[PDB]
Each structure stands twice: as structure tokens, then as C-alpha cells.
Amino acid sequence: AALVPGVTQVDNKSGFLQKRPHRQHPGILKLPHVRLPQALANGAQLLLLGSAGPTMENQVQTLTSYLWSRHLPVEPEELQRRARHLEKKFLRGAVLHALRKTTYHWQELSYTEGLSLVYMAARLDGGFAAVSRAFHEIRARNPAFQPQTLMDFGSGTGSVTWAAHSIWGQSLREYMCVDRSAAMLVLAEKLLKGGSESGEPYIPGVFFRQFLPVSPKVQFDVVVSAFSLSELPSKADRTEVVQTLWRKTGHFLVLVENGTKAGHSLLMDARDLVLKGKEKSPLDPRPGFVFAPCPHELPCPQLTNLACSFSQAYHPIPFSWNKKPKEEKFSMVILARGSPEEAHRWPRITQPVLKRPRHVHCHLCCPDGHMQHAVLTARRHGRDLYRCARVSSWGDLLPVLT
Amino acid sequence: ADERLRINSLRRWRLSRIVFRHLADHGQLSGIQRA
Amino acid sequence: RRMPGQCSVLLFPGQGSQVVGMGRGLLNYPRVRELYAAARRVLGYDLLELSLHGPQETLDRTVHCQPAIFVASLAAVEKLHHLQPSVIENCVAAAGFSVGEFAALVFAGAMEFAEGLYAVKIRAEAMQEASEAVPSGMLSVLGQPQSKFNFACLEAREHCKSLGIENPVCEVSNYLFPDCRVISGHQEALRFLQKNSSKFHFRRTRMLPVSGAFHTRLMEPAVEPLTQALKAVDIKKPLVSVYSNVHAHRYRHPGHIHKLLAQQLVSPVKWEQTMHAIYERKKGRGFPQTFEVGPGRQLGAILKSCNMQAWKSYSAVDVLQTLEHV
RNA sequence: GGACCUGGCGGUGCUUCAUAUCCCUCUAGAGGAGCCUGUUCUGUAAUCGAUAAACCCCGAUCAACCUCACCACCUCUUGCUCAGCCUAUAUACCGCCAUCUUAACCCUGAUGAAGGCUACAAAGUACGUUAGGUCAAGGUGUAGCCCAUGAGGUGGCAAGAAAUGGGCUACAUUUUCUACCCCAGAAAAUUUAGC
Ligand SMILES: C[S@@+](CC[C@H](N)C(=O)[O-])C[C@H]1O[C@@H](n2cnc3c(N)ncnc32)[C@H](O)[C@@H]1O
Ligand code: SF4
Ligand SMILES: [Mg+2]
Ligand SMILES: [Mg+2]
């Protein structure tokens with residue numbers, strides 16, 4: 001509960017309210033509709049001139065829905081509890097058949113040359129928008145940050161590399177991109193060279209590797225994993241990767257997944273793993289804290305039954321099936337080295353803001369670790385804070401103190 | 001209703017398409033065959 | 001409510017439609033002699049003699065053509081009323097070109113005859129004085145798809161800047177129909193456009209026989225006179241939908257005709273937009289009858305270029321002769 | 001360490017041809033005018049925000065001199081009826097739509113890994129899932145505010161500029177108008193699909 005009617009007041013630092021309107025309040029983090037770079041948009045279409053007919057529309061849709069509805073692989077432990085429960089009810093072959101149903105069949109996707117094109121036509125634009133929104137968080141609240149180095153685990157189509165260039169292009173000097181699939185690496189380099197096998201890379205310093213380097217000595221300023229931890233075959237694999245990524249993180253670790261229950265639970269495992277440091281004597285002894293979106297390091301209050309996701313509207317790459325703008329629903333967590341900058345953390349709006357006559361509905365994750373459904377009105381809370389919430393939107397911060 | 005009609009003067013199966021298909025596809029709707 | 005096809009739209013001509021013999025064929029018709037007598041009363045000279053028998057050179061002077069066109073347009077309205085009462089009864093829209101707008105309002109019962117003549121007289125005199133103030137003119141240009149108009153205006157201004165003048169003027173002054181415009185400004189700029197048509201991709205160019213640059217900022221000195229003349233006049237609510245030229249939409253409230261009529265004096269004429277606002281409709285829908293009440297048939301050709309289908313049901317009121325001696 | 005067996009070669013090049021999808025080939029348009037929108041930038045204290053709820057009554061339509069929404073100011077409240085709000089919730093249920101998951105035998109090799117064909121013939125035969133959408137032709141509950149998320153009043157608000165995406169109109173001589181329904185008279189470059 002970070003909203004007490006009549007007690008909580010807006011936080012006026014930098015002499016905000018006097019010096020600026022309410023529509024530009026510092027908790028505003030909304031990003032206008034994302035347009036991809038023309039070089040990327042042109043390159044993607046050129047690579048698809050061979051086959052972009054009616055079959056491709058069906059293929060792109062099938063892949064998009066399949067990836068969206070994927071569940072995390074069922075760990076064995078979950079499997080025996082389901083097995084015994086069905087066993088007691090029946091009282092082995094019958095149980096297994098009843099276990100093939102009511103359980104999710106998780107399969108590896110071998111990203112070959114064919115399925116790599118379908119992925120690029122389905123997730124390049126969507127993935128780019130989600131990562132751009134995540135990076136906007138780091139820029140907006142810390143505009144002095146000028147990273148010189150970046151690593152991207154699970155670099156399928158290079159969306160992270162392009163998004164990082166659009167924000168920190170004047171200071172980044174190295175883009176390490178890791179991806180086990182040869183075809184995806186082949187596709188990602190074509191996209192940097194204007195969609196042709198021969199050309200000059202549009203971004204300088206991109207390094208492509210097939211295996212994740214494992215060494216605490218080499219440490220990157222921004223480590224990014226976007227829509228990649230969901231492709232790992234088990235929780236042990238996710239545990240090992242996230243530990244390595246954190247060990248090689250210099251300032252910020254940006255993890256982004258789908259805005260589903262499977263995605264959100266995945267990131268809360270990684271969030272707890274980094275926060276609950278287990279290494280006895282790490283090379284980098286600095287602690288970790290959640291830079292965004294959580295205003296606390298306490299357990300997620302929405303992880304029980306609900307999820308936590310955010311939305312970013314973007315303009316899809318022109319195709320035979322992309323006409324109207326789309327929305328990218330994603331889950332994110334950003335983990336930063338060091339300690340929180342100050343004690344004046346602000347609630348996060350984690351759900352669409354509903355504007356109604358003279359009152360506004362905001363669902364806030366508060367610094368104390370609890371969600372608060374606040375209906376803000378001018379009479380109860382005040383003219384200033386009501387106007388701040390009137391202009392706020394999904395994924396913004398609410399500047400409230402005491 | 002009637003009052004509304006008066007002042008104005010002074011101036012196939014009723015099922016969802018899918019439920020139709022299941023009944024139609026299972027032969028439960030008389031006379032509706034597939035071409 | 002009414003099916004399109006039994007209603008009618010009246011189009012009132014403007015500058016450049018005068019012709020010697022205008023008024024013959026309307027003189028015998030009802031009420032016309034009284035209109036011309038009132039025109040004599042208000043102006044101070046005989047429009048009837050000048051229009052029926054003139055040198056055409058006094059008739060081409062600005063001070064004389066505009067009131068003549070105004071009175072001839074209204075006389076044609078009475079002629080049409082005598083011939084076809086239903087058409088005047090079933091009138092949906094009205095529109096005038098430059099001075100014909102003053103006529104349309106008078107037909108719509110927003111102003112009275114004497115008020116309109118006084119306004120038009122002051123307007124014409126002030127416009128003639130403004131044209132005398134600085135040399136200028138207008139050019140009709142028909143372009144092809146590769147023609148850029150603002151571009152050509154820009155070099156038309158660059159040339160005269162190189163010659164040396166305070167703020168050379170050259171801009172599109174009339175939008176008539178697709179790829180046909182009238183540019184207005186200093187004669188040197190228009191001569192530049194004429195001699196560089198090939199570079200500017202202008203298929204045809206024709207200097208209009210006009211005194212000066214109408215519908216540009218060069219006529220700013222004439223704005224303040226007309227406003228005064230219009231201040232006394234109490235403009236009522238038009239009975240029919242009478243369209244404007246400044247922005248090409250139906251006048252909403254009478255309290256804004258006062259300033260829009262003076263703004264038209266120094267603003268381009270949105271004729272093509274008005275024709276669209278009157279005649280645009282889906283494929284297959286019927287079109288209203290169209291009557292060009294006044295001298296000439298220029299608006300007929302403009303309508304043919306703009307909308308052929310609407311032009312199919314177009315007719316012009318003869319103001320030079322009459323079939324039957326009433 | 002010697003000999004052998006099955007291999008896999010996530011294989012690599014050349015030769016020839018089948019070589020359809022895609023090429024060449026054929027038809028048709030798709031640049032330009034005028035307006036309405038999607039997104040961006042700028043600006044405001046504010047929403048070029050909406051009419052099972054207004055102008056508009058040729059087509060359409062904009063702001064209407066309407067009401068709701070917004071901004072700045074104010075007033076009342078035990079009020080209406082143990083009042084009132086459409087305020088949230090299908091991220092509560094149901095309904096409805098949609099996503100995803102759910103062989104044997106016989107021979108050969110000395111009875112080794114192993115192998116088995118010749119036609120004028122030589123061992124071969126037989127339901128769950130979803131921070132899903134929908135509160136408009138549908139329901140069952142659950143929460144909120146009640147000196148205001150209720151009821152009123154006084155003013156204001158009705159944007160500006162581009163680059164690109166889409167859409168609506170007219171665009172003619174093999175045409176147009178009248179009579180007829182075809183022997184008359186008067187006018188005047190890329191692409192995109194498609195067989
Ligand atoms: C779903 S794509 C991520 C897309 C990318 N983040 C983007 O925004 O476009 C995941 C990639 O991770 C790779 N991958 C899967 N398992 C991996 C592993 N164990 N180690 C390294 N890469 C892996 C896959 O080859 C695949 O290309
Ligand atoms: S912002 Fe709040 S609800 Fe979302 S993941 Fe963080 S703690 Fe959970
Ligand atoms: Mg839902
Ligand atoms: Mg408004």
C-alpha cells in the first residue's frame with residue numbers, strides 16, 4: 001500500500017511540478033510506436049523475396065502461436081506427483097496414457113535454414129520492440145550510462161544488436177552475439193550487410209560465436225537475453241546459463257521473455273537466483289538489485305496465480321500479411337550491479353490504466369512488496385497526483401512519497 | 001414497444017456457426033448435407 | 001430525404017465571364033427592369049446600356065465587370081424561376097466563384113440587393129486601386145503529372161529576388177480542376193514561368209485578361225475598405241447551403257460570413273474543393289441538376305473536368321438570347 | 001597391438017538428363033489532383049475524445065449555438081425512494097470465440113560381427129492449456145465511492161507541420177448525348193496480380 005488517501009503526496013524533486021507539466025512527469029516511461037531501422041526492414045524483406053507467398057503467411061502464424069503458448073518443460077519432480085495422484089485415483093500403462101494428456105509435450109526446435117526465415121518473419125519486429133522498451137528503461141532513468149560493451153546470449157536474428165545500436169550507438173564498441181544454430185548466425189550477418197551475402201556491416205564490432213564463453217575475467221557492460229531462456233531443455237540449463245550471464249555482467253543484466261505465465265515464472269526463477277547469491281567468493285563481489293520493473297527485491301506478489309507483463313506497440317515490417325500496428329506483450333527483469341541509487345523508489349503500474357469520469361484505476365506493485373488496486377480521484381488524493389495518474393500509462397512509475 | 005411504434009408513426013437455425021457445424025456435420029440437422 | 005436527381009445546385013460565375021450583349025434575353029423577363037433600376041440608383045451610372053451595348057474595354061475594367069456579373073447572375077435567377085419554379089424550389093446548394101459568392105448569398109436571403117451592390121462596388125473600386133498600387137497579374141497553367149507547382153513558384157520568386165524587390169509574390173491563387181491552376185503575382189515571375197514552362201513541366205500557359213493579382217496578399221489594402229462596407233450590413237442565416245471559397249465548406253453561422261468574405265479577398269479560391277464537397281458520392285449514386293446562373297459557361301467546363309458524371313446533368317441559363325418572347 | 005564387419009558420412013564436388021516452383025514470353029492496370037484516416041514531432045491547463053445519447057435530412061458531412069468526456073473554478077448532500085455511479089472484475093464463474101498439447105518364419109557365412117538378388121531366374125516367403133478475446137443482441141456472483149467514483153453551475157477546450165501506410169471520387173474518342181438495344185443523328189520506372 002503506497003497510496004494512502006490524504007497522506008501520500010507527489011514527490012517534487014528537481015522542482016518538477018513548478019517547472020514542467022504533468023504529461024512529462026519523470027515516471028513517464030511510455031515509448032512511442034516503435035519503427036524498425038530502414039536498413040533492417042529493407043534487409044528482412046529482401047531476404048524473403050524467394051518465398052513470401054500465401055504459404056509463408058500460414059507458417060508465420062503457426063510459429064507465432066506455437067511459441068506464444070509454449071509451457072516451461074515439466075521437470076521430473078512435477079511428473080511423479082502427477083503420476084502418483086493418478087495412480088491412487090486409478091487404484092502403470094494406464095497412468096502414462098492419462099499423463100500424455102493433461103501434460104505439455106515440450107520439444108526442441110532445430111532452427112534450420114527454413115525455420116530461421118519463418119522466425120525472422122514472425123519475431124524480428126516483435127522482438128525488437130520488446131527489447132527497445134527494456135533498454136529505454138535504462139536510458140530514461142540513467143541517461144549518463146554510456147556502455148561500451150554488450151553481449152547477447154541467444155542471438156537469433158540480431159534484434160538486440162540493432163536495438164542497442166539505436167540507443168547507445170555512439171558509445172558501444174563490441175557486440176558479442178552467441179547462438180548455437182549455424183543458420184541463425186548466417187541469417188544474422190546477412191541482415192547486418194543489407195540482406196546480402198556480400199557487403200559492409202551496418203553496425204561495427206559485431207562478433208558472432210556458437211558457444212557461450214565461460215570466464216569471470218571477461219565482463220560485459222550490458223548482458224541481454226531475449227526470448228531465449230525458454231528454448232533451453234530444462235531448469236538445470238536455465239540455472240547454469242543465468243549464473244554465467246550474471247558473472248559476466250558489468251552493470252546491467254536484461255532478461256526478456258514472453259508475457260505469459262510460462263515466461264513470467266521463468267524470469268522470477270532467474271530474479272531470485274541472482275538476488276540470492278550462492279557463490280562463496282566471486283571474482284566480482286558486488287551485490288545485485290532489481291533495476292526494473294520491480295520496486296523491491298522481495299518475492300513477486302503476482303507469481304502465485306497471475307503473471308506480470310508489459311506492452312509495447314510497434315509498426316510491423318511491411319509484408320503481405322502485416323497491415324495494422326501490433327502490440328508486443330512481454331515480461332522483463334533488469335538486474336543491476338551495486339545497490340539501489342536512493343531509498344525513494346516508486347510504484348510500478350503493471351496493468352492497463354483505465355480512465356473513467358473523475359477517477360482512474362491503477363494497479364501498482366508497491367515498494368513494500370504488495371500489490372495495491374488504487375482508484376485515484378482528485379477529492380481523495382489531490383489535484384496533482386490525480387493528474388499524474390490520469391496521464392500515466394501501463395508500465396510507468398507513479399511519483400508518490402510517504 | 002407499442003408506445004415506441006406509435007410515436008414513430010406520429011413523426012435460420014439461431015445457433016452459433018460452430019454448433020451448427022457439429023450438428024450439421026454429425027447429421028443432427030435434418031436435410032443439411034455437404035455439397 | 002429527397003432523391004438525388006430532383007434537387008438542384010446553382011453555380012454563380014465570377015471575374016472573366018463578362019460578355020457584350022449580356023442581359024439581352026433577360027430584360028423582358030419579370031422583375032429584371034427593377035433590379036437594373038436599383039443598380040442605377042446605387043451605382044450612379046447605367047449598367048443596362050453598358051452591358052447591352054459596350055466597347056468591351058469599359059466592360060473589361062474591374063470597376064464595371066463585377067457589378068455587371070452580379071446583376072446578370074441575379075437576373076438569370078429570376079429567368080430560371082419564371083421558366084422552372086420547381087428547380088428554384090428544390091435547391092440544395094449554392095456556390096459562387098469570386099464575386100459570384102456575393103450573388104449566391106443574395107439568392108440565399110442572407111443579404112439584400114442594395115447591400116450586395118454597395119459591397120460589390122466598394123470591393124471592385126478597392127481592388128482596382130490595389131492593382132494600380134503595384135504591377136501584377138495572373139496566369140492560368142495546365143500541368144502534367146510531372147509538374148511541381150510550389151517548386152515553380154519558388155524559382156519564380158528567386159528570379160524576382162535576384163532582380164530586386166521587397167518580398168516577391170508568386171503563389172497558386174485558384175485551384176480549378178486536376179492539374180489546372182491559376183498562379184498570381186508580379187509580372188516578371190509569371191513571365192519567368194511562361195519562358196521556363198518546359199523545365200517546370202507546364203503543358204499550357206495563358207495570361208488571364210485581368211488588371212492585377214487577385215486572391216493574393218497584394219490585395220491587402222483593399223481588405224479594410226470592404227470590411228467597413230460589410231460592417232453595416234446585417235447578414236442573416238442563408239436559406240440554402242451556400243459554400244465558401246476560403247475553405248470550401250458550407251457556412252455554419254452568419255457571424256462568420258463577415259470575416260470570411262474579407263478573407264476571400266486575400267486568399268486562394270478553393271473551387272476544386274467546393275466541387276468535391278458538392279458532388280462527391282459513391283459509384284452509382286445519382287447526381288443533382290446543375291444550373292450555371294450567369295454569363296458564360298466556364299463553370300460548366302470546370303465541372304466537366306472535375307466530375308464528368310455530375311456534368312452529365314448540367315445546364316446553363318442563356319443570358320444572351322431567349323427562345324420565347326414572354 | 002593384428003584382421004575383419006556394419007556403418008554414419010547431419011558430407012563434398014563434377015557428368016548427364018526429368019527440371020516442374022522461379023526465369024524469359026502475354027494481358028491489365030498501380031505515379032498525378034482533391035479530401036478522410038493510421039503513426040511521428042511540436043503545442044496547450046484541456047481529449048482535431050464520443051452520440052443503443054446531437055447537428056444532418058440530395059449525397060455525405062464538419063464544427064453543432066445539445067448532452068456525456070477533459071481543464072480551471074465553485075455550490076449542495078442525508079440527499080431519492082435504507083439513495084445514487086455505470087466504476088472494476090469473464091486478471092471472479094458460466095456461456096460464446098480463439099491459442100497450444102494429447103512382426104513372424106526360412107536359408108547363408110564352419111551357427112562371428114553379419115548377409116539373403118539374377119525371370120532363358122541362382123533363397124527368400126510372409127481432455128487439459130491460457131495474467132487469451134468477448135458485459136452489443138446472454139446470464140450468476142464478487143468487490144469499490146457514498147460531505148463523493150453522486151447531483152449541479154460558471155468559463156475554457158474544438159489543435160499546427162511534415163514523411164510515409166491505407167482508403168473514397170473524376171480521369172473520353174474502341175469516348176459522350178438521344179432513338180433503339182447494335183445498318184441512325186449530333187457532341188467534342190519499378191512492381192502488382194492474372195491465366
Ligand atoms: C528464440 S531465439 C531468440 C531470438 C533473439 N533473442 C531475438 O530477439 O531475435 C533463441 C536462440 O537461442 C539459441 N539457443 C538455444 N539453445 C541454446 C544453447 N543451449 N546455447 C546457445 N544458444 C542456444 C537458438 O539457436 C536460437 O537461435
Ligand atoms: S513488477 Fe511487481 S508484479 Fe511485476 S514481476 Fe516485479 S514484483 Fe512481480
Ligand atoms: Mg481475460
Ligand atoms: Mg472537444
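Excluded from the calculations below are hydrogen atoms, water molecules and symmetry mates; all remaining heavy atoms, backbone and side chain alike, are included. To find a chain, count down the sequence lines: A is the first, B the second, and so on, and within it residues start at 1.
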Exercise for the section: Taking the purine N1 to pyrimidine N3 distance and the second Watson-Crick contact, or the two G-U wobble contacts, each under 3.5 Å, tell whether D/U154 pairs with D/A72. Expected result: yes
Exercise for the section: Could you tell me whether D/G152 and D/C66 make a Watson-Crick or G-U wobble pair, using a cut-off of under 3.5 Å for both distances? Expected result: no
Practice task
Measure from the ring centre of A/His359 to the centre of the six-membered ring in the base of D/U149, then say whether that distance is under 5.5 Å and the planes meet at under 30°.
Solution key: yes
Atom-pair distance ([atom1] on [X]; [atom2] on [N]), nearest Å:
| X | N | atom1 | atom2 | answer |
| --- | --- | --- | --- | --- |
| A/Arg23 | D/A46 | CZ | P | 4 Å |
| A/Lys261 | D/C100 | NZ | P | 19 Å |
| C/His249 | D/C62 | NE2 | P | 9 Å |
| A/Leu306 | D/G132 | CG | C1' | 13 Å |

With syn defined as a glycosidic angle within 90° of 0 and anti as the rest, where does [N] land?
| N | answer |
| --- | --- |
| D/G8 | anti |
| D/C65 | syn |
| D/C80 | syn |
| D/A137 | syn |
| D/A170 | anti |

Exercise for the section: Give a yes/no answer on whether the side chain of C/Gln309 brings an N or O atom under 4.0 Å of OP1 or OP2 in D/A170. Expected result: no
Problem - N/O (side chain, B/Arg14) to phosphate O (OP1/OP2, D/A137) under 4.0 Å - result: no
Verify whether one side chain among [X] and [Y] offers a donor that lies under 3.5 Å from an acceptor in the other.
| X | Y | answer |
| --- | --- | --- |
| A/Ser311 | A/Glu327 | yes |
| A/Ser392 | A/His25 | yes |
| C/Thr290 | C/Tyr279 | yes |

Handout entry: Sugar half of pseudorotation for D/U174 [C1'-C2'-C3'-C4' sign: + north, - south]
Key = south
Fill in the blank from the handout: Partner of B/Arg21 under side chain to side chain contact (heavy atoms under 4.5 Å, CB included), picked from B/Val19, B/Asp25, B/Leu23, is B/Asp25
Problem - Backbone of C/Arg203 reached by a side-chain donor or acceptor of C/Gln144 within 3.5 Å - result: yes
Exercise for the section: Return the nucleotide paired to D/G185: Watson-Crick means purine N1 to pyrimidine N3 with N6-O4 or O6-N4, wobble means G-U with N1-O2 and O6-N3, both under 3.5 Å. Expected result: D/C177
Exercise for the section: Return the nucleotide paired to D/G34: Watson-Crick means purine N1 to pyrimidine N3 with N6-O4 or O6-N4, wobble means G-U with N1-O2 and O6-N3, both under 3.5 Å. Expected result: D/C168
Problem - Heavy-atom donor-acceptor pair, A/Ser309 side-chain to D/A131 base, under 3.5 Å - result: yes
